[PDB]
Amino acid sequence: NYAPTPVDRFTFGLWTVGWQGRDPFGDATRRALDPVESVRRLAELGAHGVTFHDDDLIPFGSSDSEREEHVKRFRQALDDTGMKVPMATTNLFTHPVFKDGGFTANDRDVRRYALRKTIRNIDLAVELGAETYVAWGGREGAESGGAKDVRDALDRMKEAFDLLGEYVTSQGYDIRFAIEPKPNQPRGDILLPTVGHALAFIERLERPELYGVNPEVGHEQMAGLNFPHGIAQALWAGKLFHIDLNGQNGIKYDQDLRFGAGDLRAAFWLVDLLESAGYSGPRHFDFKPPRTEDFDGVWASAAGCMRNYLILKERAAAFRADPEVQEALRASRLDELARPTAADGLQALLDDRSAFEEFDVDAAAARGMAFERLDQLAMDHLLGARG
């Protein structure tokens, strides 16, 4: 039961199942995986595709001949399995040169290098068929208030993204960009810390249509925010270009638990929203099998990500299709929320005594919302306890 299919579009970063287990306090617990191994194992589990940072696929500093051989082996694995590569990204965070940032490093020479590193990988992403290029500015930020003038940093970040947009336009590429917010870690505070801040920034770019967001479940939850609500705002703006699925158990370090772990009810409401809205992009997992696990546990954790999505999809669909739930949604006036407040227009509203002089506020205030019964139907559907 709950078997993944190609139409599910489940994807995984090479760095997810390939995470060797090094953490702030501990050495690696697993050997490095050849990307070819990961592609073949993920395909066996029913994944649709993989994603990569440049330096996951090609060791940093590789010669041109080494780069060609790494890509050739990877493409053979994709061909052997039918796996796709819908998204790629640049590693602008691991190498010590990026310790103060890539696009917003105080040092101008580093900013220029970061752009050249990204541009090289955009070319590769396009060659592999990627539709989305993600940017997670994990080093853009500060530990102290004097270190980073944020208005200047935002000017540099806009300049960088504008140059990348000029580049893809000039090359005729169809790829689009997705900015991944995170509030903190590894920097004390990271620039564009939430979906909202990223959406606002995009509106000030020269070609805003080329940019959207790649929200990650755990990153919004690291600020205590409601991830389904943030996804709704991204969908409302037309900017949900990609998504990163995982779990996070409260406000703390980025845990990258398998999807469905952490906040299970938020996972249910997320899947309900994505499916109801008809989100058509990859269901991408950015997770880390805990360092307690051997390789069998790695593959079990990856399988669990997909299984949990499929269980939640079933339960959310059953919730929405249940005539008792539809009745409860009407009892709670969800239908009215979807109707315009004043399609009659401003003057008619101003002239409408039913909206002011004749509005019976005490009668309105007496009406219960019936939200608790609706939520208990949702709980019963999630748990398969209807009756």
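All residue numbers refer to positions in the sequence shown, first residue = 1.
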Residue range whose averaged C-alpha B-factor is higher in the record, 267 to 275 or 166 to 174: 166 to 174
Comparing 369 to 377 with 20 to 28, the one whose average Cα B-factor in the PDB entry is higher: 20 to 28
Residue with maximal Cα B-factor (values as given in the PDB entry) among 102, 196, 304, 82: 82
Candidate set 334, 342, 50, 325 [ranked by C-alpha B-factor, highest]: 342
CA B-factor placement of residue 382, once the chain's modelled residues are sorted into thirds: lowest
Modelled-residue ranking by C-alpha temperature factor, third containing residue 239: middle
Third assignment of residue 256 from its chain's C-alpha B-factors: lowest
Chain-wide C-alpha B factor ranking for residue 329, given as lowest, middle or highest third: lowest
Residue 246 CA temperature factor, ranked by third within the chain: lowest
